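What follows is a short report on a single structure.
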Amino acid sequence: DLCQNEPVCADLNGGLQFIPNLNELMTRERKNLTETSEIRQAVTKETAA
Amino acid sequence: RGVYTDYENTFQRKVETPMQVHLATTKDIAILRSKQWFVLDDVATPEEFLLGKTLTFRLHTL
């Protein structure tokens, strides 16, 4: 019924628009995961060797 | 010349090659500081004090 009055714009973004530099943040966190993973894996592999 | 099975007095002293390893990454240093035999002297020396350093190893093996 509302749409018959006027076009409706629904923001279902969850607030992502309030994060500055989303790509840089994403790239950094993807790194953070990887480093931690690698360190434990390197220790594991070295422990095996 | 002969066949000898007495190992009680057998030994070898070896002056090992002066070796080098360069710690380009934290990972290398974590690998290094895993070693209980790698007994840091000034243990308050940071791990990354060694980051980007070539450590030089003078060793003797008995």
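Looking at chain A, the pairs of alpha carbons with a distance over 14 Å make up 72% of the total.
In plain terms, the residue of A:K31, B:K53 with the fewest other Cβ atoms within 10 Å comes first and the most crowded comes last, giving A:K31, B:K53.
Assuming charge only on the beta carbon of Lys and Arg (+1) and of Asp and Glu (-1), the dipole of chain B about its Cα centre is about 240 debye to the nearest 20. Each of B:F57, A:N21, A:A49 was scored by the projection of its Cα onto the charge dipole of the protein assembly as shown, and the greatest displacement toward the positive side belongs to B:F57; charges sit on the C-beta of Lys, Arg, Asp and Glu.
For chain B, the Stokes-Einstein estimate of translational diffusion at 10 °C and a viscosity of 1.306 mPa s comes to 110 µm²/s, using the Kirkwood hydrodynamic radius over alpha-carbon pairs. Each 10 Å bin, from zero up to the one with the longest distance, holds this percent of the alpha carbon pairs of the protein assembly as shown: 9, 21, 21, 15, 12, 7, 6, 4, 2, 1, 1. Can you check what the net charge comes to around B:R58, using other residues whose Cβ is under 14 Å from the Cβ of B:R58 (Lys, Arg +1; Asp, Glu -1)? Net charge around B:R58: -1. Close amide H contacts of B:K53 (hydrogens built in the peptide plane, cut-off under 5 Å, sequence separation of 5 or more or a different chain): B:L23.
Virtual Cβ from ideal backbone geometry, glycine too; neighbours counted across all protein chains shown. Rule-based calculations on the coordinates, nothing more; no lab input.
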